[PDB]
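Enquirer: Protein chains in written order, with the entry's author numbering: chain E, 2 to 20; chain B, 0 to 44; chain A, 5 to 43. Here a beta-carbon is modelled for each residue, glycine too, at the ideal position from N, C-alpha and C.
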Amino acid sequence: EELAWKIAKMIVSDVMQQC
Amino acid sequence: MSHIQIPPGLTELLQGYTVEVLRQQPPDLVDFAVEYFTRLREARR
Amino acid sequence: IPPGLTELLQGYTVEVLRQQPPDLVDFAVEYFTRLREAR
Numbered sequence: 002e003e004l005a006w007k008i009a010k011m012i013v014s015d016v017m018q019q020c
Numbered sequence: 000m001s002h003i004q005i006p007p008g009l010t011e012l013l014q015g016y017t018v019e020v021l022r023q024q025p026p027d028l029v030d031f032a033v034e035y036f037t038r039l040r041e042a043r044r
Numbered sequence: 005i006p007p008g009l010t011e012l013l014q015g016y017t018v019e020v021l022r023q024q025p026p027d028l029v030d031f032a033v034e035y036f037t038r039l040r041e042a043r
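#1: Taking only the alpha-carbon atoms, compute the straight-line gap between B:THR37 and B:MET0 and give it to the nearest angstrom.
#2: Starting from E:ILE8, trace the alpha helix (DSSP H) both ways and give me its first and last residue.
#3: Cα separation between A:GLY15 and B:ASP27?
#4: Along the chain, where does the alpha helix (DSSP H) that runs through B:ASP30 open and close?
#5: Do you know offhand how far A:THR17's Cα is from E:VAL13's?
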């Protein structure tokens, strides 16, 4: 986490926006 | 120090699962995940 | 959006980022099977 958490959140948010 | 690796195909894999969830509306998301990814792996051969 | 979808996606994704598994679908099978067993 810390950066891994932030980046994961970014990726998930992008997936949810596209879907 | 403390770089994060993003592998290729991560976004696409997540998208494929998510689209199936939002359209099929399975009752148990974890059960569906096991079944979905297991079939994906089997079909890759 | 169904209950818990974001949580499932975040959990898997952050573990991919933390652990750097050699194969994403193998890891998915492993990760979600563990979750199923833990419940």
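Expert: The relevant details are as follows:
#1: Going by the C-alpha atoms only, they are around 35 Å apart.
#2: 4–19 is the span of the alpha helix (DSSP H), which, as asked, contains E:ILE8.
#3: Answer to the nearest angstrom: the Cα atoms are 16 Å apart.
#4: That run of the alpha helix (DSSP H) goes 28–43.
#5: Taking the straight line from one Cα to the other gives about 8 Å.
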